[PDB]
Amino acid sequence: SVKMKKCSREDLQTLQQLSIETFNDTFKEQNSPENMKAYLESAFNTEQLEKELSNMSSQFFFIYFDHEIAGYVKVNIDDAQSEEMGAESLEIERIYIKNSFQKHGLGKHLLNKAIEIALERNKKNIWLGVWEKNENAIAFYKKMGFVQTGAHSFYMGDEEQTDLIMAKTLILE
């Protein structure tokens, strides 16, 4: 069966390994091994993730299928967001499903959980940033109701790439 669990301090090691594997398998083709090694060490080292897990405005959730870890999602609100969007929004900063577990509705589960958290936190809108080249993720988000509201350049390695800003308005009552 499918189940999700909020990550705690004891999930640090598991979160770190899952983060590295899924991220590597997502940007591995368009980046040098040297740049990937450096980023993986600066983004997923024990101390960095420990800080993020302890951030009051951040929340991580694991998703499981048959008791096996299949992926995770990281959401931010207020000052924890990677962009200063305000106190009325929630960001899906990271969302990853292990390759072998993709195409089974698990990504949808994680995203809807992010939506549920946003609704519960009374946030007016939910948003995310996604590399323009990630066609699979863009198509998934559009199916989930997200729309591109903007786009800006960002540096990947030593070259600029395009980040698409996608969002959806929630409850306004």
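Just count from 1 along the sequence shown to find any residue number.
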- Message: Quick check: 88-96 versus 67-75, which has the larger average CA B-factor in the record?
- Response: 67-75
- Note on the structure: Comparing mean C-alpha B factor in the record for 157-165 and 15-23, the higher one is 157-165
- Task: Please pick out which of 135, 41, 34, 52 has the largest Cα B-factor as recorded in the entry.
- Result: 41
- Query: Per the coordinate record, which of the options 113, 121, 142, 104 holds the highest CA temperature factor?
  - Reply: 121
